[PDB]
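Beneath this line is the structure, given in C-alpha cells, with notes to follow.
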Amino acid sequence: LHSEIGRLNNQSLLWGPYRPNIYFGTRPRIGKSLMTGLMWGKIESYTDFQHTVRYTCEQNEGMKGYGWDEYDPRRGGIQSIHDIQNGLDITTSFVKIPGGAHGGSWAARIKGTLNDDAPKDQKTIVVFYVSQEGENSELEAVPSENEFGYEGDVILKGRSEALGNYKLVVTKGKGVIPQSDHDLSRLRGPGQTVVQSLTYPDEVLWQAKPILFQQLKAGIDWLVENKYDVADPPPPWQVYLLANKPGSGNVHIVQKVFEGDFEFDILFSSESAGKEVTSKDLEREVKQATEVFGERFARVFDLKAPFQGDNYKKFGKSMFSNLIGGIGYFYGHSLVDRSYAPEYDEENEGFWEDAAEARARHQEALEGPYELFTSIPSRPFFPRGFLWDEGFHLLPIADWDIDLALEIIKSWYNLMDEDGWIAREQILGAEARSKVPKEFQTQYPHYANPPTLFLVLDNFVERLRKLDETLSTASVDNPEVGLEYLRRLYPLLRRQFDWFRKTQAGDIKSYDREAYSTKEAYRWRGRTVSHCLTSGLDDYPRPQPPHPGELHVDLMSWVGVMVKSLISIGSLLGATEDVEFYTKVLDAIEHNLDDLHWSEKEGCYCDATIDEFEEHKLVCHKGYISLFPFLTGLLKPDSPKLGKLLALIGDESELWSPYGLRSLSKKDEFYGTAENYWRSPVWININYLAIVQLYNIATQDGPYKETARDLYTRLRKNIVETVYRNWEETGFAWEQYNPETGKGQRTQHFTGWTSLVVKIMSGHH
Ligand SMILES: O=[N+]([O-])c1cc(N2[C@@H]3CC[C@H]2COC3)ccc1NCc1ccc(CN2C[C@H](O)[C@@H](O)[C@H](O)[C@H]2CO)cc1
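Quick note on numbering: the sequence shown equals residues 36 to 501, 515 to 813 in PDB author numbering.
Dropping the structure here:
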C-alpha cells in the first residue's frame, strides 16, 4: 500500500507551474523534459520592446504587484499580475486534468486587460516559448494553411520516454490583431500568429530571452539588407513580428501581436489519456478548482477571533496561495568545496582569516546533477530552496496537504551526502545560478542551518498518534504508510543528528569549564567578525572576537529539537538501543543549557566565549537568541527560568513593540547598528515560534498560564495586524517589519515565512 500511494503522489504532482523564477511557465518534476514560459511587452517605438518585455520575476516601480489568488499544486490556480510599465493587468489560470499514465494533462488561459492609463490602441507583443531537453525526443509545429503564419490554432506534436505522445495547442484567442498596409505585408503578411522552430544545444534552452532576441535581430537585419528603411519604415509592431518558419526543433517560439485587450489558451493533451483537452474543459475544471480551494481553506484555515472578517479571509488566501504557489522543481549541478581543507576546522584564534585563505584556493567543483521539489522565500530575489526557511514554509503547507509536505521533506533529505550534510542554499543549475552572484554560489560541507524541518516532522507524528482530497491525507489516514515513510527517513534523521555533533562541536574539555555533561556544547561553523550566516540570524550580535571557545545557545536548542523528534519517531519504530541514547543526551542538554548558557545576573540564556585570560565568559545580547530554549519547546512550564524569559518578552523597554517582538533589545548596545538586519526589526518566523510556545503554556495547569494568555492574545494580534496592514496598503508580504513604525522593509514578495501569519490567525495549535 506504501508503494501504491507513492505511485499515486508521483502521478498527482508530476505537472505544475513549477518555475516560480518567471511570471508564468510550466515544467514537470523531470530534469530533462518539456518546459514552457510566457513573455509580454508593449511596443510603442522601434527600440522600446527590449526594455518593456517581461519573463523572469522582478520587483521595481515598473510592477505594482503579482501573485496567486488561489493555488493547489495538484489542481492549479489563478495568478494576477499588475504591470504599470506595460499598462496591463494579466491573469494566468492554470489547471491539471488527471488521466493516462504520464502524469495527466493541463491547460492555461492568459488574459491581458489594458488598465485605464494605457492607450486604448496599445500594441502588446506576447510570446509562448517552448523547449524540450533529451536525446531521444521530438517536438514539431504542424504547419499553417496560410503562407505568412496562422489564422487559427498552433499545434505542436511531440514525444519523449518521460511524457509519451502529447500535443500542445496555442489557441487563436480573442482580441484584435493589427494589420499592416506596408509593402512588407507582400513578404511577411499584414499580421498573424507566427512560429519559429529552432535547435540549440540542450544546456542553453532555458536562456529564452537571449534566444528570442537573436531571432528578432535576425529579422531586423533582413529588413536592412532587403532595402526596407526610414524613407518608408514598417510600423514597429511588424518590425518585431518574426518571419513564420515552423518545423522540427527543441525550441518553439509562438508569437502573437494584440491591439487592446487579449486572451488565449494553452492546451496540453497527454495522448495516453482519453480525448484531447479543449478550451471548454479549461473553463469547467478552473471553476471547479476555485470551489475546492474555497471549501478546503475554510476547513484547514478557519480564522479565529478577531480575524474571522472577510477582509482577513482575503488576506489569508493571499498569504497562503503565494507561499504554496512558490513551489518549484529545480534540476542540475550544485557548486561545492569538497577540498575539506584543514582551515575549515576553525580550531585557531583568527580561524576566519585561515578560512578566507582556503576559499581563495577555489577548489569548488560542480557536482550532481541533483533534483529538488521545494517552496521558496521570494520569486523575485530568492527563487530557490533554503534549508531552515523550508521548516517554516511547510508548517502551513502540512496543514493544507501533509502528503505534499512529506514529499518535499523527502526531496530535501535525498540531497544528504555520505557524512549527513545538506547544503543550506540549493542553487541547482545554470538557470538557478543566473540569479545568484558568483560570491554566494559555492556551498561548504561544514556550513549547517537550523533543522526546522524536524518541526514539520514533529507535527506529522502528533497527527499520526491522534481523490485529491484522499491523497492529501493518505499518510496519516493509513497508519502503516505513515510509519514506512518514517522508517525510510529515520536513518537520515539520525545521520543528520550525528553530523551536527561531529562538525558543530563546542570545546568544554580544553578550558576552565565545569558542567553536568562534557559532551553537550555546540558552536556554529562558518562565522566571520560581524556575521554567523549558518545560524540563520545573519548579523545578530555574537561574542567578539569570534573564538573556538564560543558556545552558541540557539545551536544547542536546535539539537534539543532534533533529539525530542528522534525519541518520538524512534519509539514508533522500536529503536530501543537508540531511544535510551537520546533520553540520556536530552537530560544532558537540559542541564548543560543552564550550566553553560543560563545567566542569573541578566535573567536570560546567553552565548559563551573564552576571555583574554582563558576563563568561560557569558556574553548576553537581549533578543531572539536569549529566548531560544523557550522558542524550541525545551523548558518545563513551571520553570523559574521560563518566568524571567516571559518578563523579558513582555517588557516594552527591551523586546516588546506594538508591531511584535524585536530581533534585539533597545537596551542592548548593538540595537539598530551596522546593517541592522537582525539587530532591531520584527521577524515573523521567530515571532511565530514564541506565539506557538505561549499558547502551549496558556492551555495547561501552571504558575505562568495567565501571563502567557495575555502575551499570546496580544502578540498574535500585533503580528497579524502588522502583516495585514502592510498587505492592505502595499500589496506585499515583507521579509521583516520596522519596530518603530510597523512598516514592511527589505525585500517584497517574501512568501516566504511571513505567510506563517495564516496559521497564527487559524490557531488551535
Ligand atoms: O548578499 N546579497 O546582497 C545578495 C544579493 C543578491 N542579489 C541578486 C542579485 C543581486 C542582488 C541583488 O538581487 C538579486 C542575491 C543574494 C544575496 N545573498 C544574501 C542573502 C541570501 C538569502 C537571503 C534570504 N534569507 C535571509 C535570511 O536571513 C536567512 O535566514 C534566510 O535563510 C534567507 C533565505 O531566504 C537574504 C540575503
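The beta-carbon is built from N, C-alpha and C at its ideal position, and this holds for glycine as well.
Bridge partners of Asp655, per DSSP?
-> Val667
Pair within 7 Å by beta-carbon distance, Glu93 and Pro415 = yes
Name all residues in chain order for which at least one heavy atom of ligand 1 lies closer than 5 Å to the residue's CB.
-> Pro412, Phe417, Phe421, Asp424, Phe475, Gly584, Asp586
Who are the near neighbours of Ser47 in its chain, counting only those whose CB is closer than 6 Å to its CB and skipping five residues on each side?
-> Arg109, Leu519
C-beta contact flag for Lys99 and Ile119 at 7 Å = yes
What's the gap between the Cα of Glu378 and the Cα of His481?
-> 11 Å
Are there 16 or more other CB atoms within 10 angstroms of the CB of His797, so buried, or fewer, so exposed?
-> buried
For the segment 559 to 647, which segments carrying the beta strand (DSSP E) assignment without a break, of at least 3 residues, lie completely within its bounds, in sequence order?
-> none
Do you know offhand how far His639's Cα is from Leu198's?
-> 57 Å
Where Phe129 falls, given that 16 or more other Cβ within 10 Å makes a residue buried = buried
By DSSP, does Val327 sit in helix, in strand, or in coil?
-> helix
Quick one: what's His117 bridged to in DSSP?
-> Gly100, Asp124
Residues near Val289 by beta carbon distance below 6 Å, same chain, minus five either side | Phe163, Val189, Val205, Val230
Alpha carbon to alpha carbon, how far is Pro341 from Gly811? Give it in angstroms, no decimals.
-> 11 Å
Is the beta carbon of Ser469 sitting closer than 7 Å to the one on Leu407?
-> no
What are the start and end residues of each continuous alpha helix (DSSP H) run of 4 or more residues lying completely inside the segment 223 to 277, in chain order?
-> 243 to 260, 271 to 274
Thinking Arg223 and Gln273 are a contact (beta carbons under 8 Å), I'd like their distance in whole angstroms, please.
-> 7 Å
Evaluate the contact criterion for the segment 777 to 790 versus the segment 395 to 411: three or more CB pairs, one atom per stretch, below 8 Å.
-> no
Per DSSP, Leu370 is paired with what?
-> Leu401
Which residue comes first and which comes last in the beta strand (DSSP E) that contains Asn200?
-> 199 to 205
Which residues bound the alpha helix (DSSP H) around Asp434?
-> 422 to 435
Using the C-alpha atoms, what's the distance from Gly147 back to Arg535?
-> 50 Å
By the 10 Å Cβ neighbour count, where 16 or more other Cβ atoms means buried, how is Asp300 classified, buried or exposed?
-> buried
For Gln552 versus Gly455, is the C-beta spacing smaller than 7 Å?
-> no
Between the CA atoms of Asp555 and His595 - distance to the nearest angstrom = 11 Å
Using a Cβ-Cβ cut-off of 8 Å (strictly less than) and excluding sequence neighbours within five positions of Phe355, which residues of its own chain qualify?
-> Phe332, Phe336, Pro431, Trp435, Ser803, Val806
Which value, in whole angstroms, describes the spacing of the CA atoms of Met610 and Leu492?
-> 10 Å
Below 8 Å, can you find three or more Cβ-Cβ pairs linking the segment 360 to 380 to the segment 74 to 84?
-> no
How long is the line joining the alpha carbons of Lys689 and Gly76, rounded to whole angstroms?
-> 60 Å
Name the DSSP bridge partner or partners of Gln552?
-> DSSP, once it has assigned bridges, lists no residue as partnering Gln552.
8 Å Cβ shell around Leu621 - same chain, five flanking residues per side excluded = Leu531, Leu534, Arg535, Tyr538
By Cβ distance below 8 Å, which residues in the same chain neighbour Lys715 in space, the five residues on each side in sequence not counted?
-> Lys670, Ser701, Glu702
Are the beta-carbon atoms of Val601 and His645 separated by less than 7 Å?
-> yes
Per DSSP, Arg710 is paired with what?
-> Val730
Which residue spans inside the segment 45 to 110 form an unbroken beta strand (DSSP E) run of at least 3?
-> 60 to 63, 69 to 78, 98 to 107
Of the listed residues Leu277, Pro270, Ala266, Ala243, nearest to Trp257 (C-alpha basis) = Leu277
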